[PDB]
Amino acid sequence: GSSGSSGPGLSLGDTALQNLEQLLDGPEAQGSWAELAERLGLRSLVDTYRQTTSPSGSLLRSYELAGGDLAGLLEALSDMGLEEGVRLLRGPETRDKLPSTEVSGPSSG
């Protein structure tokens, strides 16, 4: 899937969120989620989130509800400095490979 806004759902993966969540939460995190949300415009929700125990996830899944797409988020993360989260959400490239299967031989045995 190469879309996000069009569809009501985010083109992310269970594991993706798990990482993006923790990434934002940490002393090393060049940035943070609290500020990020503000950049997106969900500042009025920053409070309703921090209220829960796992706001990280409840923050992203909600970022789409408003009508945001991966792109928009990538813009905030970058401006904030969070480079990792960005490259992560984007995902690494894909290099073709061989099945390593022993092709059939000649006929008559």
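Overview of the structure. (Residues numbered from 1 in each chain as written, not as in the entry; some residues may be left out. Heavy atoms only, no water.)

## A word on the pattern of salt bridges
We apply this condition: Only one rule defines a salt bridge in this text: a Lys or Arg side-chain nitrogen within 4 Å of an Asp or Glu carboxyl oxygen. The numbering of helices and of strands both runs from the N terminus, where a helix is a DSSP run of H or I of at least 4 residues and a strand a run of E of at least 2. Burial classes: relative accessible area under 20% of the type maximum marks a residue as buried, over 50% as exposed, and values in between as partly exposed (1.4 Å probe, protein chains only).
Tallied over the entire structure, the rule returns one salt bridge. Here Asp79 ties to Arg39 by a salt bridge, and the two come within 3.3 Å at their closest N and O atoms. With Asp79 in helix 5 (residues 70-80) and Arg39 in helix 2 (residues 33-40), the pair connects residues that are 40 residues apart, well separated along the chain. Residue classification places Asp79 among the exposed positions, given a relative accessible area of 55%.

## Observations regarding the packing of helix 1 (residues 14-24) against helix 4 (residues 55-65)
Filter applied, for reference: Only C-alpha atoms enter the line fits that serve as axes; for helices the fit covers just the stretch in contact. Angles between N-to-C directions range over 0 to 180 degrees. Throughout, the term roughly parallel applies to angles under 35 degrees, roughly antiparallel to angles over 145, roughly perpendicular to angles from 65 to 115, and oblique to all others. When the near helix sits turned anticlockwise from the far one by under a right angle, the crossing is termed left-handed; a clockwise turn instead gives a right-handed crossing. Contact criterion: two residues are considered in contact whenever any of their non-hydrogen atoms come within 4.5 Å of each other. Classification convention: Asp, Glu, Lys, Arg as charged; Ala, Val, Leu, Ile, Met, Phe, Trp, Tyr, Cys, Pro as nonpolar; all other residues, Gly among them, as polar.
As a packed pair, helix 1 and helix 4 sit with axes 8 Å apart at the nearest point and diverge in direction by 120 degrees. On the basis of the axis angle, helix 1 is oblique to helix 4. As for how helix 1 packs across helix 4, the hand of that crossing is right-handed. Along its contact with helix 1, which presents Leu17, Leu20 and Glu21, the element helix 4 presents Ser56, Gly57 and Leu60. Split into classes, the residues belonging to the contact of helix 1 with helix 4 amount to three nonpolar, two polar and one charged.

## Concerning helix 5
Stated precisely, the cut-off is as follows: It is the directions from the helix axis to the C-beta atoms that the arc portrays.
If you check which residues of helix 5 are buried, you get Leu73, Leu74, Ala76, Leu77 and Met80. Mapping the buried residues of helix 5 onto a view down its axis gives an arc of 165 degrees, with all of them on the same face. Exposed side chains of helix 5 directed beyond 90 degrees from the buried face belong to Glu75 and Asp79. Tucked into the core, helix 5 has its buried residues touching helix 1, helix 2, helix 4 and helix 6 (83-90). The positive-phi residue at the C-terminal boundary of helix 5 is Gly81, with phi of around 115 degrees.

## Details of the nonpolar core
Formally: Buried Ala, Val, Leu, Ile, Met, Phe, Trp, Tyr and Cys residues that are joined via side-chain atoms within 4.5 Å together make up what is termed a nonpolar core.
With 19 residues, the main nonpolar core has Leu24, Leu36, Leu73, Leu77 and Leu89 as its most contacted residues. Ranked by residues supplied to this core, first place goes to helix 5 with five residues.

## Some words on the packing of helix 2 against helix 3 (residues 43-50)
In helix packing, the relevant descriptors are the interaxial angle and the interaxial distance, both defined with respect to the helix axes. Their axes nearest at 8 Å, the elements helix 2 and helix 3 cross at an angle of 145 degrees. Note that helix 2 runs across helix 3; the crossing there is right-handed. Of the residues in helix 3, those touching helix 2 at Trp33, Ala34, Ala37 and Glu38 are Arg43, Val46 and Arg50. Grouping the amino acids of the contact of helix 2 with helix 3 by side-chain chemistry returns four nonpolar, no polar and three charged.

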